[PDB]
Structures are given as C-alpha cells and as structure tokens.
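Everything on this sheet refers to the single structure shown next.
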Amino acid sequence: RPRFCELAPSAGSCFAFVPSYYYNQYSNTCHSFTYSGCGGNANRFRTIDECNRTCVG
C-alpha cells in the first residue's frame, strides 16, 4: 500500500460537497467518504476500483 493511501483527507479546509473514496488498510479495502474541492490529501479516490487496485495489497 503506497503511503499516499494512508493520508487524512483534509476536507475541512473549505466548504465543499464532493463524495469521494477512502482507503482503509485496517480492513484491506476502501469505502465511500465525503471530500472537498479545496484542501484534502491523496488518499481520496473517484472509485473503489482505483483505490483497491493501487493500495489493496
């Protein structure tokens, strides 16, 4: 799992509503979460297919 997938998606940076995908190493999977346009960190994905294929080892 690349370390970019374990980051904290800083959605509190600005007021936005863009539902995106989180990566959960603890359960070797991904799960939909809430993101923001501004701010955020790299663990955010647009689909579980990208999230799983790149970090679900």
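Please note that chains go A, B, ... in the order of the structure tokens, that every chain numbers its residues from 1, and that ligands are numbered from 1 in the order shown.
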
DSSP-assigned strand (DSSP E) among chain A, expressed as an MDAnalysis selection string: chainID A and resid 18:24 29:35

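With distances restricted to only C-alpha atoms, A:42 is the closest residue to residue 2 (chain A) from A:33, A:42, A:14, A:47.
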
Test item: residues at most 9 Å from residue 35 (chain A), only C-alpha atoms, excluding those fewer than 2 positions along its chain, as a ChimeraX atom specification: /A:9-12,16-21,33,37-40,44

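CA of residue 3 (chain A) lies 26.3 Å from CA of residue 15 (chain A).
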
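Relative to CA of residue 56 (chain A), CA of residue 31 (chain A) is found at 11.8 Å.
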
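Put simply, CA of residue 36 (chain A) is 23.1 Å away from CA of residue 53 (chain A).
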
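You can rank A:5, A:29, A:57, A:13 by their closest distance to residue 45 (chain A) using only C-alpha atoms, and at the top of that list sits A:5.
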
Alpha helix (DSSP H) call set, DSSP backbone run, chain A, as number ranges by chain: A: 48-55

Non-local contacts of residue 43 (chain A) (7 Å; only C-alpha atoms; under 3 positions in same chain excluded) as a ChimeraX atom specification: /A:4-9,22-23

Would you write out those residues with N, CA, C and O atoms, as a PDB file, in the first residue's frame?
```pdb
ATOM      1  N   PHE A   4       0.633   7.208   0.177  1.00  0.00           N
ATOM      2  CA  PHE A   4      -0.319   8.251  -0.169  1.00  0.00           C
ATOM      3  C   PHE A   4      -1.739   7.798   0.218  1.00  0.00           C
ATOM      4  O   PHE A   4      -2.602   8.631   0.486  1.00  0.00           O
ATOM      5  N   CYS A   5      -1.992   6.485   0.289  1.00  0.00           N
ATOM      6  CA  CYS A   5      -3.297   5.946   0.638  1.00  0.00           C
ATOM      7  C   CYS A   5      -3.607   5.975   2.124  1.00  0.00           C
ATOM      8  O   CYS A   5      -4.750   5.731   2.505  1.00  0.00           O
ATOM      9  N   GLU A   6      -2.643   6.293   2.979  1.00  0.00           N
ATOM     10  CA  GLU A   6      -2.890   6.320   4.424  1.00  0.00           C
ATOM     11  C   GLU A   6      -3.059   7.738   4.959  1.00  0.00           C
ATOM     12  O   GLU A   6      -3.043   7.943   6.177  1.00  0.00           O
ATOM     13  N   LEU A   7      -3.158   8.732   4.077  1.00  0.00           N
ATOM     14  CA  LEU A   7      -3.268  10.120   4.468  1.00  0.00           C
ATOM     15  C   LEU A   7      -4.671  10.445   4.946  1.00  0.00           C
ATOM     16  O   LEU A   7      -5.615   9.677   4.756  1.00  0.00           O
ATOM     17  N   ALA A   8      -4.783  11.575   5.622  1.00  0.00           N
ATOM     18  CA  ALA A   8      -6.009  12.097   6.194  1.00  0.00           C
ATOM     19  C   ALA A   8      -6.580  13.095   5.192  1.00  0.00           C
ATOM     20  O   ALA A   8      -5.975  14.152   5.001  1.00  0.00           O
ATOM     21  N   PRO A   9      -7.688  12.777   4.505  1.00  0.00           N
ATOM     22  CA  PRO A   9      -8.274  13.662   3.520  1.00  0.00           C
ATOM     23  C   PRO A   9      -8.859  14.898   4.207  1.00  0.00           C
ATOM     24  O   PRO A   9     -10.017  14.871   4.609  1.00  0.00           O
ATOM     25  N   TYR A  22     -12.303   6.618   0.254  1.00  0.00           N
ATOM     26  CA  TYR A  22     -11.284   6.498   1.278  1.00  0.00           C
ATOM     27  C   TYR A  22     -10.685   5.095   1.172  1.00  0.00           C
ATOM     28  O   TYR A  22     -11.363   4.182   0.689  1.00  0.00           O
ATOM     29  N   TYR A  23      -9.460   4.915   1.657  1.00  0.00           N
ATOM     30  CA  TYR A  23      -8.756   3.631   1.667  1.00  0.00           C
ATOM     31  C   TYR A  23      -8.601   3.232   3.127  1.00  0.00           C
ATOM     32  O   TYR A  23      -8.151   4.056   3.926  1.00  0.00           O
TER      33      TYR A  23
END
```
